[PDB]
Each structure stands twice: as C-alpha cells, then as structure tokens.
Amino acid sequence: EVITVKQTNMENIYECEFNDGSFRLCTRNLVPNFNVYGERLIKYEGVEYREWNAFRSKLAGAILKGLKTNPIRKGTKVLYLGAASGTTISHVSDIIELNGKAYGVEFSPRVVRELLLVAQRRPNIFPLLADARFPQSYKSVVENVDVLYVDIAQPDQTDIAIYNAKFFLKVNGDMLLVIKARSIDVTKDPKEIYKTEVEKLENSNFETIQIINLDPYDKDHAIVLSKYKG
C-alpha cells in the first residue's frame, strides 16, 4: 500500500514509498487507468502514477545505477530507435508529456503490432515501422530532436546510432546509447566492447558524459550518455 509519492531529482520522474518499506520509480500516467505491460498503477493525492520496472527498462535501470543528469524531461523531443513493444517508450511518453514528442522506430512487424496499441492511446508517440539503418525511410515523418535514444540489437548499432545523429540530433543534443555486448560480438568480453564503442563515439564528435554498467538490471549491457558536438 502506498505511503507517499514525491518527485525525485529528475523532472517528471517520481518515487513511491510503500508501507512494506519498498521504494519504486514511477512516472505520472499520461493515459490514466491504462497500463502498458502489467505494471502497477499508483494513486496518490489525486494523481495516478505508473511504476517503472528497472529490470525491464534500461532507462529506469540507468537511473538506479547512478545516471547523474537525464536529458529526457518535459517537452523533450526524442528519436527512439528500437521502440519494440512499448515498455520504455511509454514511460518516456509520460516524462515528456503532451508537448514533447517520441518518434519510435522499430523494424519487426511482429512487435510493432503491440507497439501500435501503446501508440494509439498516446498522441505523444509516433510509431515508425522502419529499419534504423535507413533514416531516409522516415525523415519524411520526423523532425530534429533533443535526444537520440538507441537500443537496437545490431552488430553495428553504434554506427547506426551515429548515422541517425547526423540526420536528426540537434547539435549539442544528447545520445543515450545502449551497448548490447552479446549482440555486438558474443565471443568478446563486454568490457572490451564498451571501450571500443565509446571510442567510435568520441571519434564521431560525441563528448562522453557518463558510462553506466546496467548489471544487475541487464547482463552484458552498458549505457552511454554523450553530447553530440556536431
């Protein structure tokens, strides 16, 4: 049962205390009474919140592992590569609210079938069934964004991220890049992969800000925050 919900240090990201001692991250629900993936809806002082499972959402994991600054805030415009079935982008939609925008790119039709259910209720989310290797296939729909958030299982994921930044990320914007080591090279040690991919980024004029290991929320995953210098 809910003791209290108060705002954390990051805009529109909240923390809920429960009487059994638990603490859980949550966001204010853009679509009250509707859950996305079976998460708990929390009511406190009129307002409804959605608990944000960090074992299913890399952004929530990154926050619980010490993400210092979060470029995703109210009114942010986000290009989301790898939108999948909607779990993390639904919370992104909560945080950014109606005046922010989340363009969601995902190339698997089987999973966009579910993402469309999330997008239908959130005028915030623009689903694009498209291949992130080919930003020419959705430049006709999107605009330039403050944040590029990339979580695609591809061996050249970092190059794909960089390519989309040249199209769409404002200069001095930010990139949150998930590095999925077993999807880049399953034979290599993830620690090496992280070093290698960040090297790419800094070679492409991305000022590294922070690198976060996602264990235990995700095995063999890191997430990188960089500022795109142009």
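Counting begins at 1, following the sequence as shown.
Colleague: Quick one: higher average CA temperature factor, 189-197 or 56-64?
Modeller: Between 56-64 and 189-197, it is 189-197.
Colleague: Using only the Cα atoms and their B-factors as the entry lists them, report which of 67-75 and 87-95 averages higher.
Modeller: Per the PDB record, 67-75.
Colleague: Just say lowest, middle or highest third for the CA B-factor of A181 relative to the other modelled residues in its chain.
Modeller: Answer is middle: the recorded C-alpha B-factor places it there.
Colleague: Classify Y163 as lowest, middle or highest third according to the C-alpha B-factor given in the PDB entry, relative to its own chain.
Modeller: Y163: CA B-factor falls in the lowest third of its chain.
Colleague: Select lowest, middle or highest to describe the third in which the CA B-factor of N29 falls within its chain in this entry.
Modeller: For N29, whose C-alpha B-factor we compare with every modelled residue in the chain, the answer is the middle third.
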